[PDB]
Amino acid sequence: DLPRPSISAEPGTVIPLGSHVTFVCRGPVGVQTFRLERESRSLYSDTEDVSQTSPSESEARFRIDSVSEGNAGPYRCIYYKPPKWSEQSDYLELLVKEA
């Protein structure tokens, strides 16, 4: 029923330590809440601050300011459009360069 989300990273998926990162979930229009998951059972962020990028899709962004070593690894995302959620997007791997 609902399309699968997409997760991308800005500037990119490889970030120097201490730099910044922004994850960008994308799904259809009319979405209520976007949720970014790192370890989906425990750790996740939720946002209703959703912006429209095209007539048929909206997107939301989550930003980490100071990237740590523990920030690397999996991220993926999923959105809620009542009454159901979507399926879970493909993974994104964030790597963190010391320099």
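Numbers for residues come from their place in the sequence shown, where the first is 1.
Asker: If you average the Cα B factors in the entry, which is higher, 13 to 21 or 73 to 81?
Answerer: That would be 13 to 21.
Asker: Could you tell me which third, lowest, middle or highest, the C-alpha B-factor of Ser66 occupies within its chain?
Answerer: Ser66: CA B-factor falls in the highest third of its chain.
Asker: Report the third (lowest, middle or highest) to which the CA temperature factor of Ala99 belongs, ranking only the modelled residues of the same chain.
Answerer: Ranked within chain, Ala99 CA B lands in the highest tercile.
Asker: Of the three thirds of its chain by CA temperature factor, lowest, middle or highest, which one includes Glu39?
Answerer: Its C-alpha B-factor belongs to the middle third of this chain's values.
Asker: Where does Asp46 sit by CA temperature factor within its chain: lowest, middle or highest third?
Answerer: Lowest third of the chain for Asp46's C-alpha B-factor.
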